[PDB]
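Worksheet: one structure, shown below.
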Amino acid sequence: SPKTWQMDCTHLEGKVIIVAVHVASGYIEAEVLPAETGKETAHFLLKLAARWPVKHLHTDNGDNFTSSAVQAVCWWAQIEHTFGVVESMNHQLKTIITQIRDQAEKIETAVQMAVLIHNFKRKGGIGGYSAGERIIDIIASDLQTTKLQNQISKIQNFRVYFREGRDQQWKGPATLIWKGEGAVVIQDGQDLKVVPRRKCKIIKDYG
Amino acid sequence: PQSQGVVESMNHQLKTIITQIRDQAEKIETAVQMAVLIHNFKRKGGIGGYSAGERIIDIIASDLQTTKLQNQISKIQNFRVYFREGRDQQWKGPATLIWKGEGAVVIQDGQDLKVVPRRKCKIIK
Amino acid sequence: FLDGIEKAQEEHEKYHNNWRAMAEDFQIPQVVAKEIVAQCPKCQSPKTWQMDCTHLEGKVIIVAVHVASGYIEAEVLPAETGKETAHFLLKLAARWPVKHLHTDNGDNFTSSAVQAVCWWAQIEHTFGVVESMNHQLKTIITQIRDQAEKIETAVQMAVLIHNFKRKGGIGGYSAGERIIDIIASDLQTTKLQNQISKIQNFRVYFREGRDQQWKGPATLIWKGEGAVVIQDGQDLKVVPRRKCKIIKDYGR
Amino acid sequence: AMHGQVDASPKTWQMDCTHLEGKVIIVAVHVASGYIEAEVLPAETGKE
Amino acid sequence: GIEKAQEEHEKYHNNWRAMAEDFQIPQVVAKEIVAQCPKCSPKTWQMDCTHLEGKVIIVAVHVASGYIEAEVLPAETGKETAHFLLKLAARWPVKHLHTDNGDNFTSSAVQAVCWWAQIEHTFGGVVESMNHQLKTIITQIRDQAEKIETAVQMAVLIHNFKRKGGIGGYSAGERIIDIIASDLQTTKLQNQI
Amino acid sequence: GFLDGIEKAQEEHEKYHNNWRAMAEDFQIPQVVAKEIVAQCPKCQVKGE
Amino acid sequence: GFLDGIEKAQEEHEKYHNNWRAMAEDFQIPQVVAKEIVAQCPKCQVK
DNA sequence: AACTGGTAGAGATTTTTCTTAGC
DNA sequence: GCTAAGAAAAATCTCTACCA
DNA sequence: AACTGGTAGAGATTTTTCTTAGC
DNA sequence: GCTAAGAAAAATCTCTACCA
Ligand SMILES: [Zn+2]
Ligand SMILES: [Zn+2]
Ligand SMILES: [Zn+2]
Ligand SMILES: [Zn+2]
């Protein structure tokens, strides 16, 4: 599924970190929470819903994941929330945090640098792609499918006034099918035909 | 002179408008520009009930929009079609399927568009 | 149908969309979508041009720029009197639809000839982008100066390169495609507004189910082949044609 | 006894020159819509 | 194609990106064509800061698609601007940063983050339109939430995925995803061939 | 109504000399009134039958 | 033309408040403009 | 071997819309 | 309450002069 | 209140006429 | 012996230039 996200939380250095993972490509967005209440959890979920298209969410039966603020944000953003990979991503994130700890003063700088390293600097898999290339390719393919299915009718919503052989009157508004370089395919009275380019006028005809 | 018949007909229309609004200007150049304005935006009727300016705007905008739409459609296509036509029952190479209709299909071969009935074609995914 | 209308109402209550997106997504006709947009209390220029005069190599150039897309029409004047400025304004009003002119407080812009041209063409003249377009046009003129003999040839070639060759913006379009798309959108809006008023000059008596009485006069929105969309009590609903009587309304 | 059919491509223009009151008018027409531009020339040379 | 590009640049002096798109030439030849004239980017982000109800709102806009990303700052110092730039570099690939001649963007911490993230930092009519549109959306949906932070985030969501306007009829997120995907496939095919 | 439309169409035909379809579509007056406005002009009426 | 008829019908309905068919048969205007003249009156009603 | 008549208006004839008498 | 005769109003078809 | 366009030819499409194979 | 496919030959319809 190209639009399913999972969430989890953990502890590090006395803080509380929350990690959200796009499952189909392994995309990690993590933030540092100053508290474990439902307000900042729903705020992080709202920022995730505003940055990336989230259509299906999967969480655990926690105390801050069961909140009226989280229910209000999921209702406002039209998210299907279900209760029930992320542990392996948390293990990878903690190992990268311990790898580049010696360059960060605070904790949040090391957390965001570990997120950047895991997202763009660990090329693995089969094809040799990172995680950002995988999530961009997956969402682009799904959007290309849906927009193709709409754009067929969107290009068939035009009108063509054509001219036939040895008749000096412009015919009625037949429907356009495809506009080539030197030929135009129209449909007129459930009859498909091909007219040259110099014998057609293509209008949208607002009226 | 019948080869460029459109511009001679427009000469006749422009001269009639110039004779209609001659008494509102001093020189002839002002009357020419006012006749151009009167012909362009104050006379409706024709193909779609438009004037001249609305029709040229609609034509160029529809051309640009249909080129962008068919590029974005045709860049993600599939379903190649092998078809059989001609006076002899031969087989031609890879052609692109454009539209699958109830009765015939539209194929593109060698940058040429053709309409082939569904009895003489087979689609390979 | 009715499910699509209720989904469009909930979507516009949540996100405050436009009417084109709802008419494309929810598969409702555009008059109903524009009605839903116009009934929102929280949801309530393509014909403006700017003029300028400049000097270059002993000549006087006049530039008229369409503001909403950046479209430059330039010409070379023999002098800087009011009559040639009025003649250039008349040519610009003859080729493109002009309804609002923005100028500065020059002398030749304040004349009886320009006033008579604006009165005959019905243009609102306002005395106060253009400097940036003049900088870009003069850099292009100094870029391709050597390929022309006179100055007017370089001026017209710079206008052509600025209009149809330099591409930028969000989608990467030139200036001519932007002005043509903007004017086409305005034309679509005016045609749909005329259809909206001509349909909304009616009245509908509707009869509810399991009742043999006619209800109050609801306003017609869209008259279909089997369904009829009416507005009543600040609410939209769909009633079939067998329970409706469409009468003319003289309610000016 | 037959007639032809001129080109009607969406980017084709036709041009001509005519006389009126001793002046020389020049007319250019966009064919597929009927769009007229016109000017007045001082002479009928090639530079104008 | 190369002769067509040389004739087109000799006639109208086009830039190398439009010639590489319209004539299907790899970018190094077009760069050398533009560099050999005597008379003569999908990863560029523009940054700005504004004020609203006493708060400081920082706004980063992706230019070639019109994508927005906004945040509420508690102060106008340099460390918070460097932290927001670090989060922006950790979320999306940033190669060219455009800013104004300001005080917070010209700081040692922000320059250290720019050095660590390898971003070209440059100082110099789109961002004003984006800020004005964000202000109109904020004034539209102000009464649906209490604080200004929730209103800012809901305005970012509405501007990103609920405004299907323009010529193509595309929102901002679909445009930036398609642009970066097509640029990645172009660089992959150019590195292969 | 359209009575001010009729007066404005009379002044606009007095200045610009439109045909009847342009006035009937711009000012939303019925076509018989626009045809009569065109028919009451002496600068017009140049055609056979 | 009947444009002066439309002006005289406006004056006559402003004085005497005639109905639409009476003005259409007297001043010889079409029935749509006479019905609109009766429709624009706030005191009258077309019936 | 690669070129070409078209535009707008006046009446006549057919079709749609609106008001009202009869059952 | 419902149907249909009848008249007005809008949509469509055929035919001609003028531009060179 | 008593006046007005017509003639002949080139192709395209439909109809009639003639010869011959099949049962 | 009779019928019908098929091709040639004659009859009919539509459209244009020129005369002032
Ligand atoms: Zn709204
Ligand atoms: Zn150059
Ligand atoms: Zn007139
Ligand atoms: Zn009254």
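We name chains A, B, ... following the order of the structure tokens; residues begin at 1 in each chain, and ligands are numbered from 1 as shown.
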Near residue 12 in chain F, counting only C-alpha atoms (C1' of nucleotides), which residues have an atom at most 10 Å away, once you skip same-chain residues fewer than 5 positions from it, shown as a ChimeraX atom specification?
/B:42 /F:6-7,17-18,23
Selected residues written out with N, CA, C and O atoms, as a PDB file, in the first residue's frame:
ATOM      1  N   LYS B  42     -16.964  44.169 -31.605  1.00  0.00           N
ATOM      2  CA  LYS B  42     -18.354  44.610 -31.577  1.00  0.00           C
ATOM      3  C   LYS B  42     -19.241  43.862 -32.563  1.00  0.00           C
ATOM      4  O   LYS B  42     -20.379  44.283 -32.794  1.00  0.00           O
TER       5      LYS B  42
ATOM      6  N   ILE F   6     -31.663  48.369 -22.492  1.00  0.00           N
ATOM      7  CA  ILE F   6     -32.157  48.875 -23.772  1.00  0.00           C
ATOM      8  C   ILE F   6     -31.602  50.269 -24.051  1.00  0.00           C
ATOM      9  O   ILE F   6     -31.157  50.563 -25.169  1.00  0.00           O
ATOM     10  N   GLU F   7     -31.579  51.132 -23.030  1.00  0.00           N
ATOM     11  CA  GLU F   7     -31.042  52.482 -23.210  1.00  0.00           C
ATOM     12  C   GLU F   7     -29.537  52.463 -23.473  1.00  0.00           C
ATOM     13  O   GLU F   7     -29.041  53.190 -24.348  1.00  0.00           O
ATOM     14  N   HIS F  17     -22.031  50.940 -33.682  1.00  0.00           N
ATOM     15  CA  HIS F  17     -22.783  50.267 -34.754  1.00  0.00           C
ATOM     16  C   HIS F  17     -22.590  48.747 -34.726  1.00  0.00           C
ATOM     17  O   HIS F  17     -22.038  48.145 -35.647  1.00  0.00           O
ATOM     18  N   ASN F  18     -23.064  48.133 -33.644  1.00  0.00           N
ATOM     19  CA  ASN F  18     -23.029  46.683 -33.518  1.00  0.00           C
ATOM     20  C   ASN F  18     -24.126  46.038 -34.359  1.00  0.00           C
ATOM     21  O   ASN F  18     -25.044  46.701 -34.846  1.00  0.00           O
ATOM     22  N   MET F  23     -25.431  42.911 -29.174  1.00  0.00           N
ATOM     23  CA  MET F  23     -26.197  43.615 -28.151  1.00  0.00           C
ATOM     24  C   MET F  23     -27.087  42.660 -27.368  1.00  0.00           C
ATOM     25  O   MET F  23     -27.203  42.780 -26.142  1.00  0.00           O
TER      26      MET F  23
END
Which chains and residue numbers are within 6 Å of ligand 1, counting only C-alpha atoms (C1' of nucleotides) and all ligand atoms, if I want them as a list in words?
residues 12, 16, 37, 40, 42 and 43 of chain C
Next, write the just-selected residues to a file, as a PDB file, in the first residue's frame, keeping N, CA and C atoms as the atom set.
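This is the output file again_4.pdb:
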ATOM      1  N   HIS C  12     -16.395  21.575   0.897  1.00  0.00           N
ATOM      2  CA  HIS C  12     -16.240  23.026   0.903  1.00  0.00           C
ATOM      3  C   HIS C  12     -16.364  23.596   2.310  1.00  0.00           C
ATOM      4  N   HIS C  16     -12.694  24.700   1.905  1.00  0.00           N
ATOM      5  CA  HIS C  16     -13.002  25.904   1.116  1.00  0.00           C
ATOM      6  C   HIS C  16     -12.338  25.870  -0.265  1.00  0.00           C
ATOM      7  N   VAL C  37     -20.244  27.565  -4.025  1.00  0.00           N
ATOM      8  CA  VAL C  37     -19.196  28.537  -3.717  1.00  0.00           C
ATOM      9  C   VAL C  37     -19.800  29.895  -3.359  1.00  0.00           C
ATOM     10  N   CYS C  40     -21.209  30.592   0.262  1.00  0.00           N
ATOM     11  CA  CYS C  40     -20.317  30.577   1.418  1.00  0.00           C
ATOM     12  C   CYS C  40     -20.130  31.989   1.957  1.00  0.00           C
ATOM     13  N   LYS C  42     -17.744  32.939   4.024  1.00  0.00           N
ATOM     14  CA  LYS C  42     -16.323  33.197   4.216  1.00  0.00           C
ATOM     15  C   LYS C  42     -15.539  33.233   2.911  1.00  0.00           C
ATOM     16  N   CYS C  43     -16.148  32.840   1.794  1.00  0.00           N
ATOM     17  CA  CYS C  43     -15.506  32.915   0.490  1.00  0.00           C
ATOM     18  C   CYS C  43     -15.935  34.132  -0.314  1.00  0.00           C
TER      19      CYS C  43
END
Residues of chain A no more than 12 Å from chain H, counting only C-alpha atoms (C1' of nucleotides): send them over as a ChimeraX atom specification.
/A:165-169,198
Within 9 Å of ligand 3, counting only C-alpha atoms (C1' of nucleotides) and all ligand atoms, which protein or nucleic acid residues do you find, written as a PyMOL selection string?
(chain B and resi 20) or (chain F and resi 13-19+37-45)
Filtering to N, CA, C and O atoms, could you give me those residues as a short mmCIF file (atom, residue, chain, number, x, y, z; two decimals), in the first residue's frame?
data_model
loop_
_atom_site.label_atom_id
_atom_site.label_comp_id
_atom_site.auth_asym_id
_atom_site.auth_seq_id
_atom_site.Cartn_x
_atom_site.Cartn_y
_atom_site.Cartn_z
N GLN B 20 -19.13 53.20 -42.85
CA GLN B 20 -20.18 53.38 -41.85
C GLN B 20 -19.79 54.41 -40.79
O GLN B 20 -20.64 55.18 -40.33
N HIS F 13 -25.04 51.32 -29.75
CA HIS F 13 -25.19 51.24 -31.20
C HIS F 13 -25.03 52.61 -31.85
O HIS F 13 -24.60 52.69 -33.01
N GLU F 14 -25.37 53.68 -31.13
CA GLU F 14 -25.16 55.02 -31.66
C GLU F 14 -23.68 55.34 -31.80
O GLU F 14 -23.29 56.15 -32.65
N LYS F 15 -22.83 54.71 -30.99
CA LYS F 15 -21.39 54.95 -31.06
C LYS F 15 -20.65 53.93 -31.92
O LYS F 15 -19.82 54.31 -32.75
N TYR F 16 -20.93 52.63 -31.74
CA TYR F 16 -20.10 51.58 -32.30
C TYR F 16 -20.71 50.86 -33.50
O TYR F 16 -19.96 50.22 -34.24
N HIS F 17 -22.03 50.94 -33.68
CA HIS F 17 -22.78 50.27 -34.75
C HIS F 17 -22.59 48.75 -34.73
O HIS F 17 -22.04 48.15 -35.65
N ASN F 18 -23.06 48.13 -33.64
CA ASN F 18 -23.03 46.68 -33.52
C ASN F 18 -24.13 46.04 -34.36
O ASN F 18 -25.04 46.70 -34.85
N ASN F 19 -24.02 44.72 -34.53
CA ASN F 19 -25.14 43.94 -35.04
C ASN F 19 -26.00 43.49 -33.87
O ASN F 19 -25.69 43.76 -32.70
N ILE F 37 -33.64 47.77 -32.85
CA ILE F 37 -32.60 48.79 -32.67
C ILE F 37 -31.69 48.85 -33.90
O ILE F 37 -31.34 49.94 -34.37
N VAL F 38 -31.35 47.69 -34.46
CA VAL F 38 -30.57 47.66 -35.70
C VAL F 38 -31.40 48.19 -36.87
O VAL F 38 -30.90 48.93 -37.72
N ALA F 39 -32.70 47.86 -36.89
CA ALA F 39 -33.55 48.26 -38.01
C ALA F 39 -33.86 49.76 -38.04
O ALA F 39 -34.25 50.27 -39.09
N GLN F 40 -33.70 50.47 -36.92
CA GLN F 40 -33.97 51.90 -36.88
C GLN F 40 -32.72 52.75 -37.07
O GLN F 40 -32.63 53.84 -36.51
N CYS F 41 -31.74 52.28 -37.85
CA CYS F 41 -30.52 53.03 -38.09
C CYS F 41 -30.35 53.29 -39.58
O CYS F 41 -30.42 52.34 -40.38
N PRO F 42 -30.14 54.54 -40.01
CA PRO F 42 -29.93 54.80 -41.44
C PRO F 42 -28.51 54.57 -41.92
O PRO F 42 -28.32 54.35 -43.12
N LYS F 43 -27.50 54.61 -41.04
CA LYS F 43 -26.13 54.31 -41.44
C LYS F 43 -25.96 52.84 -41.78
O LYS F 43 -25.10 52.48 -42.59
N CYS F 44 -26.77 51.98 -41.17
CA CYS F 44 -26.90 50.57 -41.52
C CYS F 44 -27.81 50.42 -42.73
O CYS F 44 -27.98 51.36 -43.51
N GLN F 45 -28.35 49.21 -42.91
CA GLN F 45 -29.27 48.83 -44.00
C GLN F 45 -28.58 48.96 -45.36
O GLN F 45 -28.97 49.76 -46.21
#
Write out as a PyMOL selection string each polymer residue whose atoms come within 9 Å of residue 6 in chain B, counting only C-alpha atoms (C1' of nucleotides); drop sequence neighbours fewer than 3 positions from it.
(chain B and resi 2-3+9-11) or (chain D and resi 14+29+31+34) or (chain H and resi 5-7)
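Proximity to chain F at a cut-off of 10 Å picks out residues 9, 10, 15, 16 and 17 of chain I on chain I, counting only C-alpha atoms (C1' of nucleotides).
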Kindly save the residues from that selection, with N, CA, C and O atoms (P, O5', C5', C4', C3', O3' and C1' of nucleotides) included, as a PDB file, in the first residue's frame.
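Now in again39.pdb:
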ATOM      1  P    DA I   9     -43.067  38.147 -29.194  1.00  0.00           P
ATOM      2  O5'  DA I   9     -41.792  37.186 -29.133  1.00  0.00           O
ATOM      3  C5'  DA I   9     -41.638  36.290 -28.042  1.00  0.00           C
ATOM      4  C4'  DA I   9     -40.589  35.234 -28.342  1.00  0.00           C
ATOM      5  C3'  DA I   9     -39.330  35.737 -29.051  1.00  0.00           C
ATOM      6  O3'  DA I   9     -38.193  35.179 -28.417  1.00  0.00           O
ATOM      7  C1'  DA I   9     -40.234  33.907 -30.223  1.00  0.00           C
ATOM      8  P    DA I  10     -36.747  35.863 -28.552  1.00  0.00           P
ATOM      9  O5'  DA I  10     -35.815  34.649 -29.012  1.00  0.00           O
ATOM     10  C5'  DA I  10     -35.768  33.470 -28.221  1.00  0.00           C
ATOM     11  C4'  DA I  10     -35.565  32.236 -29.082  1.00  0.00           C
ATOM     12  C3'  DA I  10     -34.235  32.177 -29.837  1.00  0.00           C
ATOM     13  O3'  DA I  10     -33.605  30.925 -29.601  1.00  0.00           O
ATOM     14  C1'  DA I  10     -36.034  31.727 -31.292  1.00  0.00           C
ATOM     15  P    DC I  15     -31.259  27.627 -52.947  1.00  0.00           P
ATOM     16  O5'  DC I  15     -30.834  29.155 -53.124  1.00  0.00           O
ATOM     17  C5'  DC I  15     -31.807  30.179 -52.984  1.00  0.00           C
ATOM     18  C4'  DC I  15     -31.153  31.547 -52.976  1.00  0.00           C
ATOM     19  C3'  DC I  15     -30.017  31.725 -53.986  1.00  0.00           C
ATOM     20  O3'  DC I  15     -30.181  32.950 -54.684  1.00  0.00           O
ATOM     21  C1'  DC I  15     -29.302  32.367 -51.838  1.00  0.00           C
ATOM     22  P    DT I  16     -29.521  33.163 -56.133  1.00  0.00           P
ATOM     23  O5'  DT I  16     -28.763  34.562 -55.995  1.00  0.00           O
ATOM     24  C5'  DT I  16     -29.474  35.705 -55.548  1.00  0.00           C
ATOM     25  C4'  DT I  16     -28.544  36.692 -54.866  1.00  0.00           C
ATOM     26  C3'  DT I  16     -27.304  37.074 -55.671  1.00  0.00           C
ATOM     27  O3'  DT I  16     -27.410  38.426 -56.117  1.00  0.00           O
ATOM     28  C1'  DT I  16     -26.808  36.682 -53.345  1.00  0.00           C
ATOM     29  P    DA I  17     -26.322  39.051 -57.124  1.00  0.00           P
ATOM     30  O5'  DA I  17     -25.414  39.958 -56.178  1.00  0.00           O
ATOM     31  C5'  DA I  17     -25.952  41.148 -55.609  1.00  0.00           C
ATOM     32  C4'  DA I  17     -24.882  41.949 -54.879  1.00  0.00           C
ATOM     33  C3'  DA I  17     -23.685  42.365 -55.721  1.00  0.00           C
ATOM     34  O3'  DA I  17     -23.295  43.687 -55.383  1.00  0.00           O
ATOM     35  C1'  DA I  17     -22.973  40.948 -53.928  1.00  0.00           C
TER      36       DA I  17
END
Show me which bits of chain C are within 7 Å of chain E, counting only C-alpha atoms, as number ranges by chain.
C: 15, 17, 21, 42, 143, 161, 170
Within 10 Å of ligand 4, which residues show up when you count only C-alpha atoms (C1' of nucleotides) and all ligand atoms? List them as an mmCIF file with N, CA and C atoms, in the first residue's frame, please.
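To be explicit, this is the file written out as result_22.cif:
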data_model
loop_
_atom_site.group_PDB
_atom_site.id
_atom_site.type_symbol
_atom_site.label_atom_id
_atom_site.label_comp_id
_atom_site.auth_asym_id
_atom_site.auth_seq_id
_atom_site.Cartn_x
_atom_site.Cartn_y
_atom_site.Cartn_z
ATOM 1 N N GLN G 10 -43.992 53.292 -20.169
ATOM 2 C CA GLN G 10 -43.475 53.503 -18.820
ATOM 3 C C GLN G 10 -44.158 54.686 -18.144
ATOM 4 N N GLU G 12 -47.192 55.860 -18.922
ATOM 5 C CA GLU G 12 -48.607 55.547 -18.751
ATOM 6 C C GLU G 12 -48.831 54.569 -17.605
ATOM 7 N N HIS G 13 -47.917 53.616 -17.406
ATOM 8 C CA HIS G 13 -48.055 52.734 -16.253
ATOM 9 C C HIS G 13 -47.670 53.443 -14.962
ATOM 10 N N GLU G 14 -46.779 54.437 -15.036
ATOM 11 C CA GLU G 14 -46.455 55.211 -13.844
ATOM 12 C C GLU G 14 -47.624 56.084 -13.410
ATOM 13 N N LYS G 15 -48.488 56.477 -14.346
ATOM 14 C CA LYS G 15 -49.662 57.261 -13.970
ATOM 15 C C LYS G 15 -50.855 56.373 -13.620
ATOM 16 N N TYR G 16 -51.292 55.527 -14.556
ATOM 17 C CA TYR G 16 -52.588 54.867 -14.453
ATOM 18 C C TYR G 16 -52.527 53.398 -14.055
ATOM 19 N N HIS G 17 -51.341 52.775 -14.078
ATOM 20 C CA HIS G 17 -51.113 51.367 -13.714
ATOM 21 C C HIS G 17 -51.959 50.408 -14.560
ATOM 22 N N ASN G 18 -51.686 50.407 -15.863
ATOM 23 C CA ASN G 18 -52.356 49.492 -16.773
ATOM 24 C C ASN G 18 -51.797 48.077 -16.625
ATOM 25 N N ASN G 19 -52.454 47.129 -17.285
ATOM 26 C CA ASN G 19 -51.950 45.767 -17.366
ATOM 27 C C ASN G 19 -51.168 45.571 -18.664
ATOM 28 N N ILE G 37 -42.433 45.510 -17.964
ATOM 29 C CA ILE G 37 -42.857 46.799 -17.417
ATOM 30 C C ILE G 37 -43.821 46.593 -16.253
ATOM 31 N N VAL G 38 -44.751 45.645 -16.396
ATOM 32 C CA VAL G 38 -45.657 45.320 -15.294
ATOM 33 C C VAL G 38 -44.902 44.629 -14.159
ATOM 34 N N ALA G 39 -43.876 43.840 -14.494
ATOM 35 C CA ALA G 39 -43.119 43.117 -13.474
ATOM 36 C C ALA G 39 -42.261 44.040 -12.621
ATOM 37 N N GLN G 40 -41.758 45.135 -13.191
ATOM 38 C CA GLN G 40 -40.893 46.028 -12.430
ATOM 39 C C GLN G 40 -41.644 46.901 -11.435
ATOM 40 N N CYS G 41 -42.967 46.979 -11.522
ATOM 41 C CA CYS G 41 -43.725 47.803 -10.586
ATOM 42 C C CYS G 41 -43.805 47.112 -9.229
ATOM 43 N N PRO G 42 -43.475 47.803 -8.136
ATOM 44 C CA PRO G 42 -43.580 47.163 -6.817
ATOM 45 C C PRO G 42 -45.008 47.050 -6.317
ATOM 46 N N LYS G 43 -45.937 47.829 -6.872
ATOM 47 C CA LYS G 43 -47.325 47.784 -6.429
ATOM 48 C C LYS G 43 -48.185 46.861 -7.281
ATOM 49 N N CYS G 44 -47.849 46.691 -8.555
ATOM 50 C CA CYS G 44 -48.614 45.851 -9.463
ATOM 51 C C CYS G 44 -48.132 44.407 -9.402
ATOM 52 N N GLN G 45 -48.865 43.542 -10.098
ATOM 53 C CA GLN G 45 -48.544 42.122 -10.167
ATOM 54 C C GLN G 45 -49.151 41.563 -11.442
ATOM 55 N N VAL G 46 -48.334 40.887 -12.243
ATOM 56 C CA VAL G 46 -48.775 40.368 -13.534
ATOM 57 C C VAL G 46 -49.683 39.163 -13.302
#
At a cut-off of 12 Å around ligand 2, and using only C-alpha atoms (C1' of nucleotides) and all ligand atoms, what residues come up? Please write them as an MDAnalysis selection string.
(chainID C and resid 140 143:144) or (chainID E and resid 5:16 19 30:40)
